[PDB]
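For clarity, chains are labelled A, B, C, D, E, F, G, H, I, J, K, L and M in written order, and residue numbers in each chain start from 1.
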Amino acid sequence: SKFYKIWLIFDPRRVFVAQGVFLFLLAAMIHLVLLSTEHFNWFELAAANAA
Amino acid sequence: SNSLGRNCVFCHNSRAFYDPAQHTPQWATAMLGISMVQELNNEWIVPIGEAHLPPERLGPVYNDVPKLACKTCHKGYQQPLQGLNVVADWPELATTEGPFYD
Amino acid sequence: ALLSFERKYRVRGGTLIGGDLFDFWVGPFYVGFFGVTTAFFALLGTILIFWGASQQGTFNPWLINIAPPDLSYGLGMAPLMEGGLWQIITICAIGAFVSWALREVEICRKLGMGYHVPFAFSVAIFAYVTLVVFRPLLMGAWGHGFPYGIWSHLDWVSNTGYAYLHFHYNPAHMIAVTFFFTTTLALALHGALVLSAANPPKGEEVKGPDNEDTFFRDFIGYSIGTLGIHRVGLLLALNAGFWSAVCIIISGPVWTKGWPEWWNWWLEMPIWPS
Amino acid sequence: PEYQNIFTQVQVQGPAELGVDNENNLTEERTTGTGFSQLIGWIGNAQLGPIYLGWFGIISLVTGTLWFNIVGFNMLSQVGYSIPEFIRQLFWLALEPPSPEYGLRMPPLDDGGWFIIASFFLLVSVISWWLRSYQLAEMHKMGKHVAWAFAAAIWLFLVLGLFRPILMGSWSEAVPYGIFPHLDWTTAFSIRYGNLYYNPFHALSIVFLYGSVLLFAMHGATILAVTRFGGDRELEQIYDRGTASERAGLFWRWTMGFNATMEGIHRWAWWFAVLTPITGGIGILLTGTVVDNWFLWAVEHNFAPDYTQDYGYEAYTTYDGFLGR
Amino acid sequence: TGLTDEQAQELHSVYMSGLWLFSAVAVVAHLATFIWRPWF
Amino acid sequence: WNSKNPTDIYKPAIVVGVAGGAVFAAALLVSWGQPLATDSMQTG
Amino acid sequence: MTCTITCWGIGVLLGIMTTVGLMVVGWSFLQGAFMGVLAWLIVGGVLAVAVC
Amino acid sequence: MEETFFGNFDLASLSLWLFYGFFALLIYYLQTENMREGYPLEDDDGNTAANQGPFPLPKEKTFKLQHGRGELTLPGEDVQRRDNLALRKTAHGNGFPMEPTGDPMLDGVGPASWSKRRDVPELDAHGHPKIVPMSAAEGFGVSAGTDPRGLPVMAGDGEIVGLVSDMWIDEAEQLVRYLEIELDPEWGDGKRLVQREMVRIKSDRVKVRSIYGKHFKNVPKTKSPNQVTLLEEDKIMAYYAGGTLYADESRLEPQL
Amino acid sequence: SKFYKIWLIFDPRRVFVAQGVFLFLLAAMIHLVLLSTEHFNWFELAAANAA
Amino acid sequence: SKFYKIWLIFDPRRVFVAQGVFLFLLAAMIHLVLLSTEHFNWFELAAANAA
Amino acid sequence: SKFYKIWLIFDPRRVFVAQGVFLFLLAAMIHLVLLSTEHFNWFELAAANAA
Amino acid sequence: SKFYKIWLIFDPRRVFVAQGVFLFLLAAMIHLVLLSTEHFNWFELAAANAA
Amino acid sequence: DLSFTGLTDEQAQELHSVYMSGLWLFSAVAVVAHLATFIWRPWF
């Protein structure tokens, strides 16, 4: 298609910085959410399996 | 708090003065103290004061018998004489049905 | 991006340390050696808050609470999940605030202007420092600092205020509160003059400094002047920050009784007849 | 070090400035009596210029003195006209509002009757002063921003003593006229209605109170930082932007990513200060009429923090341990 | 705005003369104090 | 002989004294230590 | 100036003397300090105005 | 009333959401009022940037300037823009400092940069020039502090460049604005102005630390000895503040 | 691939500073996260194994 | 391998001062972290070993 | 080896002043840390050894 | 050795004044630390010796 | 030659001898003071 025309609308430098910040904050948030639960907290599971 | 020498957060939690679930155990002991002071003043102190105290022992405004409150026993401390055991040596004053020295 | 007039001001130099290694701009922001440290400390403190929030069990901004250690731990380090995370964030917070003030020095040095803004911010830092490290050091435990929660740190204020049975009778609280209510009064009146003079009723010429100068002469009989209001306005705000630091550093390290009892010196003076 | 513009190093004094004038004839109500104080001139203007006295100024001053006298002379009578005791207890005496048993009716003079009469004169004095501010701005052909900002303060003044007592249907909800007593009322008001910290408008008003001191420290220092470029002449910088306005803007743009103009700073300054009593006025109005307990409101709306530790001192230490024995 | 060589000759002569006079009393005072109440 | 060029002679003395005062106060606070210790109990 | 500031310095010096002087004859620090502050403002202010 | 509209949404809750909507509109209004000067954004090369921000430009407002100086609509082309700036980019991209191509203090860039203000004196309410020397002013005199007239002027490196001859005041506000410096023949030729905020007055001298002895001969001069225009004020003040960084390499280079 | 073109839009001396802060922030944060856990705290594990 | 080009984009004198400060603060921080613990506090261990 | 070239990078008078200040405060700080403890407090040991 | 060259980079005027402040502060600090000690307080030592 | 203060190579050496003489004299008093203190009240 013609999705490439977005770079005529948005400056590549500012988008790349924008998603670089957004993607990490995305990655940090989901990783933290899993750590908040009991079933998906891999730090507590490792302690649990150690017994 | 002035009589105990402590402060408001000694018994209460400032964010909820009403909540029974936000009170220290010292709150319950102070609650018993309110009943004790009312009982002592109405039934014990005032009746004997009005019958025997001389005029110079009465109040300046209403000429009333002196009363007791929290500071009468505590003076300035969390416990009277800072928790000194003053009843172990005196079984006579520990009960009204004959001393039990044992 | 730049502004219509920003290009002629973005010159090289003026740094305190690091030279041109960090001397560049990221967007509108200026990055310096202290802009690097600010980014590190602020991001580290922010992430640790949400790490503590994850272990607390809630991500609700109202309910997030990172609390100091118990008074039993004293001035030493505490377990991270038992109050040690609060201590690390405090170090990060202090490092981020000091770096921010030092970054402001570089910015105002590059523009050839005075250092009043970083100095004024230092009073705000001093008020924060005297709440979290200075007062706990005097009282001998790190648990006397306020927790890092939106509504939790109000409960610390409520209990600390009622720890002295009436906190309105604090002589320094009396002075410090007078400075907020006056600074806001000064801010409202100063902002009104410039707005009123620059925005007269429609169809009327704008007014000069003379017109606003004579307005308060007509209004309260005295006008402090265009320069005086900013000069006295900074002093009112700086005194407000300083005296607020005093009212909390004397509550517990200098005064342990109730604050109404302090005024017993005035009531029982020898001059007053009995 | 470099000269920080905190104290003027030399003062010049000439003929007194009697002020500008137009066809409204401002000069015929002016006192035309000026005096110069060098002590205050180290930080601001040294001239104690003439004051415009009209009718709103005179009415407010006379009625304000009546409120001052009625409150003050009642306090003197309370200590039996003992001047040494009046001075000693000056911060403790007051003119207490009416007792709650009288509702909105007129109470006896010794039980809040003089409070209502004194409050009537204070209300007249405050409103008359507002009219003087509104009238002076109109006569000077200036904007009414001073009157509007002062009206915001009166809104909390009216709510705190007039509007809320009517809604509760009792004159007893007013504020006592005392130095320490209105601090006692402030503390008792928060305790009676839960915890006023959890009032969203009290929280919001604090945001604008802190912002007001925040922004005026930021604005006061910025102007003093650019006063070497004639930054204290803010009005001329609005009409013809100089290097002072550019550097002040660029300093904050490079610091926090955005800035203002020499005019737009005073719109931020005006609105934070004006919103301080406007938001608080709404919070006091809702307190007692609607909520009656703010912490329980917070618990219901799920923004009250929960704690899991114990509460007694026995869970953290012992009585002997604290005493070191 | 500075001093010459000649001035320092007189200035130092007075200062050293005053220093010895001040120390002459001090050594006597310390000597008398030790006799009255020694600290060693 | 001598050198006759201007010099900010008192500049290094002031910074040394200020820095030394911090060590001076720290040493006293370690030797004597906390004139008013004001210990407190935790009730919550 | 150089005289108003000097006269102010005499006022604050007197206030310190007034504080310790009243503490010697009894009173208290805060009670003595209040009269010392009061003596600073009055005597110090009068000196700066009576003579310049 | 103590009755909730739905769930736990009472009158107090409703007023909170009304303020949230009002505050969002207030922030939008306040920010757009600050965009009357400096926009559009442009970039380091001078062309308009692809990004302009989430806030659109405000509608035009008109200032009716007094003393017959016409109107002024702030949102629009800026007449204070400078041309032929003596700067060059240190990088091919954006976000990097500019390097002066000549003498920064003479060319007026960076801390020494001025703005193209109107070339007319500022006027008081009557219409006369606002800032005038005390020689022209009638009935004005020094009432407090140290009189600097006659004291020698000491530069930032300790050199004595002359003695203060006059001092310019703001008779409308009775405030001192400038000090005239009678430059010595060995340092300059005529008279120069220094603003009161860059001079420290001592008992026997006045000290300006931002400018060395050799930089005084290049301070911008006034066209007439009786008044100073807004442009001349902006050029004179910028020169002194530009010396706080360009007087010598030690100031420009990092202090640590 | 042709990822080398990223340097045609990002200046090397403004990106290296960017990841220098980011990389150390990760190294500091993840180390501190492990120290908070009761199982991966190598400092208190040495005390535990010391009996 | 070919990392000497890092000095082509970073000023050698500015980096050395910056990484001198970083190295000391890192060294002091780790020493203090050891002092906080009880196992690795060599000051308290001396008292414990000496009766 | 070839470390003498550091003076071509660092200004000798600037580094000497920083070295002098850093060394003294480091020396002072360590001395207090000994005094802070009880084992390495030579002042108290003389009093203890006197008894 | 060859330490006379320290004056080629340090100004003898500033160094002489700077050390005077440093030496006095050091001497005052050491003396007052001795007072805090119970064994080296020569004022209290005389009282014990006299009795 | 290298000189950041303006003194010549020979001038610095001449000035250093004066400085060393004062330092040794000051240190000599300190050593005998410390020696007398140690025998009077040892700290080791």
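Simple rule for what comes next: a contact is a pair of C-beta atoms (placed from the backbone, for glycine too) under 8 Å apart; a residue touches a chain by one contact, two chains touch by 3 or more.
Trainee: Find out how few touching-chain steps suffice to connect chain E with chain I.
Mentor: Between chain E and chain I, the shortest chain-hopping route counts 4.
Trainee: Is the C-beta contact count larger for H-I or for F-K?
Mentor: Looking at H-I and F-K side by side, F-K shows more C-beta contacts.
Trainee: Taking each chain's centre as the mean of its C-alpha atoms, which one lies nearest the mean of all protein C-alpha atoms here?
Mentor: Taking the mean of all protein C-alpha atoms as reference, the closest chain is C.
Trainee: Rounded to the nearest whole Å, what is the centre-to-centre distance of chain F and chain M, using the mean of the C-alpha atoms as each centre?
Mentor: 25
Trainee: What is the distance in Å between the mean C-alpha positions of chain L and chain M?
Mentor: Measuring from centre to centre gives 14 Å for this pair.
Trainee: Let me have the rounded angstrom distance from the C-alpha centre of chain C over to the C-alpha centre of chain I, please.
Mentor: About 32 Å, centre to centre.
Trainee: Could you please state the distance in Å, as a whole number, between where the Cα atoms of chain A are centred and where those of chain H are centred?
Mentor: Going by mean C-alpha positions, chain A sits 46 Å from chain H.
Trainee: Which residue numbers or ranges of chain B touch two or more of the other chains?
Mentor: 9-10, 13-15, 24, in rising order.
Trainee: Hey, what residues on chain L touch two or more of the other chains?
Mentor: Where chain L meets two or more other chains at a single residue, that happens at 9-11, 33, 36-37, 39-40, 42.
Trainee: List, in ascending order, every residue of chain H touching at least 2 other chains.
Mentor: 37-38, 49, 51, 63, 65, 78, 80, 94-96, 113, 115, 125, 144-145, 172-173, 175, 241, 244, 254, 256
Trainee: Using the touch definition from the top, list the residues of chain B that touch chain F in their complex.
Mentor: Its residues touching chain F are 9-10, 13, 24.
Trainee: What residues on chain J touch chain I, complex-wise?
Mentor: Chain J residues touching chain I: 9-10, 33, 37-40.
Trainee: Within their complex, state which residues of chain F touch chain K.
Mentor: Contacts found on chain F: 19, 23, 26-27, 30-31.
Trainee: List the residues on chain C that touch chain G in their complex, please.
Mentor: Going through chain C, the ones touching chain G are 265-266, 269-270.
Trainee: Mind listing the chain F positions that touch chain B in their complex?
Mentor: Touch residues, chain F against chain B: 43-44.
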